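Naming follows writing order (A, B, C, D, E, F and G), and every chain is counted from residue 1.
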């Protein structure tokens, strides 16, 4: 049986950087998708 | 008594949930059917007949997909003249390209969704339906005769350049009208010392000269695969509308 | 099965209904209590002590309702002052407070006590209105900060004393929450804003520039003002309690 | 040029992202601190002094948690009173306060500390909930104004004294923010409302009409109540600070 | 009849127009007054007394603006302390308050006084902004509750005394609304949170665990802080009055 | 001066009130007219002609209300075959039932209101109008040719079972198109080792076999009472729209 | 420079403290002090030989990153797209 639980933690700066990069990239992708959909809904991409 | 009310509330909650699953299955069924129909509609725009014969002015046009690959025209005057393209050249009909784009977008809207999520209110389905229907109605609308094409725009069109090379008493326009490939010849008349009418007696300026439409000759021919495509659009629109209506009935029923 | 479910909507709906009747009775109980308390608060303002004695300045003021009917003041600088004729200086704070009380009571008595309880937002609006009136009355009773020394000078009170008084003295009488306050400002013009009310404050008056050299403040508790304030506090709490219960109810069944 | 602009959306988006991680860490830091402080505040209410001595009336009260286990009172009118058996009178204010604390702590411990910060409106809602619980606890600890003399009479406390006591006396024990309060109301029925709690207040009880002739009030500071209140104040300020920082952030990047 | 009705829209519209010009003049009057008062409040923070004397601990502090330039302290435990060099400890509360004042004044002076009165919601927004700045200044001046003993220890002030001082003493200097406050915490580490600031409070510092054994608090009124606070209160009331009049107007003609 | 402004304000208040009564009377007038027209439209769906003769394929159909009581069909092949129902059986046309339901609902919307209340803003009238118009437009839409009927749905329809009993090289469909009773015969062709087109060359699966439509024969005949009903729908829709527009003009006029 | 040693926990607030050396996805060291079971005792543990503890989360994430980059780089960046749907 678990009697006690001890949890310690630390920010990992480069992991944090990675997450930030993932999020920002996701945002770039969605913005591009939105522009493409907006344009394409009326005009042809080519 | 609280036990009655709780067991009870569980009974209504169960019925509503089961109905939510029914509606889930209905939604995805209709969506799948939409992808099938719309992909067939898509297949109609790319390669079926290619040569078409179009009154008192006659024409043989070879149309491959969206490209009017050739256009051979005979005009019977009070006198007959005969025209053709540069042999090497193709005139693209923008309406078909546009329509094909809208179809492509609709199909993307249908295939870029996870067909595996649990059912919700429906407002999201409603938005999907609106998007798809907008694309379909736009495709159909583009296929229809554009009213806002001026005679100077027709003159400035590449099609005039595309013919033996011919005078400035004649303008030639080829367009699509729903389910019909259309050839129109405008016979003109320079005037002695707007542009929207397209009827005999319409006036406009071109180049640096002022011109009047003297006569208009209109011939047309049904394009079978365009007709199939339009039929597909209509059916898809109705399927979408039916799904929207059922979702509304459901949502109002349990609220 | 649909019969189970119909029985079920019925029993839930019955419980909720009965609870709305409970809340109905509670609302009107509280409202009636509010009218009682507020009418007593009202009775404090109309007509109980009238003479009041207010350590280097002392004064005897006769206050009748909102009217300061007499003010006999002794100042050690001993010089002595009184009112002329039988004239009364009205303390506007009391008038204003009485007005807010009157309005609250109107809000309570001009309503249909055959309410057949609806939702509660209407009750909530009523509660807000009444509470606004009460809090405003109490706020007015409190010492007004935004009174300038030139406004004090331009007040009729300065004109009001017998013998006719000097331009090195200003007299102000006001109410601070629940105690009659008498303040004497001793000035003297300087050789060749107005908000601080403290020694060393400067301001203009008439066509001359003056500085407050010191300030004398005496005060005395007014029992019926205290009663009124207690009534305001209790009424506010009753209102708040009703609002909170209504919110709990409405969130409970929604 | 589009490449410049893409680089540009990238750098702005990176800065904003990093700042959201900062705000993420700040939020959880504050939340953890709130749980610590509030759990200590909670520990003050459960089980530290138990015997308390409360100038013309004096009393010795033994208070265990929310239960007034004994109350031995001497009154100069000298007469002497005590509890019967080993019975305890519960002070509901403490119970209520403890409930609000319990709720706040639940609000803090029943949340996912793997938040991956979103916007802040959710944090803001949490902050509002907790602050409401704290402010309510503190408000309850404060002297309730809306307690009528007949409610005091109908309270079990009157029944609770040994020897069995007279109908010219009422006894009330309550908590005012942080100090145990004992009040004795001396009455006497008149010959052929209820809210003021002051000498000269009139009310009905049983089938007889009574008037408060005078009131005796003694009080004593309760150290752990004071600790709890200090905790409430500090927690409220921490919450407010977090709300304000979130608002600054959200307005800054919007 | 339409002529009657046209005349009629004309007369109503004229009355409402004239009243908007009245409200226009009132708004700008109040605004100008606010700039005057707030600029004086501002003048209190920049440069008037500088030396202050703050019953078992006593101290002489020289405070210049926001900078505590010197602090000579005597403690009975008699031991004596002072600053090193000619260094100044800045009291951040004063800096913050001065910032809020600066912002309020900007809000007032960066606006077009050729307003041609519109509706009032814009005025209301301005009033809200200014009032927020004032209330924040005042709140900051008040004693911060959320300061932990380890934060006090980590403060530069502990490092700041000559002779270099012991680890059984902590010194904190802060401002509480309007009076310079000096507090000495007497500690002693125990044998093998931090928020209460009272005797018997426990916390960690460095790598050791410490408990506050007792606390000594002395304070002294700062006259110009008091003036500033009075200014804040008056400004807040002026703002509130303007808001209320605007609301009455807008509800009156709607 | 306040007396001027008050008497004055009373003058405008009086004019606006009187106009509100005018609009009240107009609203109820239009509503009554709607009940009359719609009840006549309703009466058209229940009992007028019952026998109908419907190109190169011919038919005599007996239609009673919503029930196709009999359908006698001659098909002229390259060779003629003759078909009839079980004599005893009736095929119900769902479009008519649906339309009749919408009409019933519209009439309920009109008759279940107190024709005696004082006039208000109109938003309530606007909602009533929207409801009624939705019912009418739905009735009309249902009467129209349903596009979303697949060939396998036609095969799975009871109508096929209803005929002497006939092969699986023939499918028979009877439906309504606005103002025309329609009979369509699909001539099929099993294929050697979607379904939406309804045109020659369309493919689909049925039973456990794969089939292709080889030819399509379409005949139709006007149904007089359906035409009357449709005319009624159109007129009612216009009456509703006119009332909506007038109410909007009023409400914008006095705001 | 990129950080390799990380401090988890404090001496006073926690009963566990650790200095973990994390290299890429690999936990190369975990040097841990535990103040258990009593508040004056302390036990000590640390990695054994030159071992790598793989944090699977980091490896997986890195794989997905690689795949995304592949999707972007497995294209002729002089490739004109045909429809908008292809880009989507």
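Convention: a contact is a pair of C-beta atoms (placed from the backbone, for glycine too) under 8 Å apart; a residue touches a chain by one contact, two chains touch by 3 or more.
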Third chains touching both chain F and chain E: none
Chain pair, A-B or E-G, that carries the greater number of C-beta contacts: A-B
Chain C and chain F, separation of their C-alpha mean positions in angstrom: 71
Cα-centroid distance, chain D relative to chain F, in whole angstrom: 69
Rounded Å distance between chain C and chain E, as computed from the means of their C-alpha atoms: 28
Numbers and ranges of chain D residues touching at least 2 other chains: none
Listing of all chain pairs that touch each other, if any do: A-B, A-D, A-G, B-C, B-F, B-G, C-D, C-E, D-E, E-F, E-G
Complex interface listing, chain B residues touching chain A: 97-98, 101, 104-105, 131, 134-135, 138
Residue ranges of chain E touching chain F (in the complex, touch as defined): 1, 4-5, 7-9, 11-12, 15
List of chain G residues in touch with chain E within their complex: 11-13, 39-40
Chain B residues within the chain F interface of the complex: 36-37, 40, 227-228, 231-232, 234-235, 238-239, 242
Complex contacts: residues of chain F adjacent to chain B: 146-148, 194, 196-199
